[PDB]
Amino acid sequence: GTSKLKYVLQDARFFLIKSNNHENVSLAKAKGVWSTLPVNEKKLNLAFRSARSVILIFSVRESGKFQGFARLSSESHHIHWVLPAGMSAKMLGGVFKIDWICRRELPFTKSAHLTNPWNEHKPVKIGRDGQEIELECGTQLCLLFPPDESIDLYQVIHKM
C-alpha cells in the first residue's frame, strides 16, 4: 500500500538524478549505490544531514521516463560506471549507499501536470542532474510511480 511509502516521504527532500546511460542505473539497482559529480555530491551530503529522508529520482537521458527512486542511506565514501565523453573515474569516486523504494518506470507523459517551483515551475522532468525538487512536487511525483511489490519498506523505515 501507500501508507508506509507516505511515511518514508514525510518531510523528505527530493533530487532529480540524470544518467547519461541505462547501464549506470542498472548497476545502481543491482548494487544499491550511486555516485555523482562533486558539485552534486556536496549538495547530497549536506541534504543527508538535514532531512529525515533524501530521495533520488532517476531518469536516463533520452529515455522519456524515470526509472525509479531510492533513499540515501549514507553520505558519500571513497564500481565500474560507464563514463560519458569527458567524465572521469575520479569525479565519480564518491559512493553513496541507497535503498530502492521503486524500481519501476514512470513515463514523463504521466508527470506532465507536476511543475517544480525550484526550477522556474517547468515540468518536473526538466532539470539538470542534481536539481532539487520542492516537497509537494516531489511527493506527488513519487506517488505516481506504479507500486513496486518487490520492496518491503519496513527495513527502510528502520533506518530513519
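One rule holds for the numbers: they count along the sequence shown, beginning at 1.
According to the entry, the deposited sequence runs straight from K90 to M91 with no unmodelled residues in between. Once the C-alpha B-factors are averaged per stretch, 33 to 41 and 131 to 139 rank with 33 to 41 first. Averaged over their C-alpha atoms, the temperature factors of 91 to 99 and 56 to 64 are higher for 91 to 99.
Ranked within its chain, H121 lands in the middle third, by CA B factor from the PDB record. When all modelled residues of the chain are sorted by CA temperature factor, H113 is found within the middle third.
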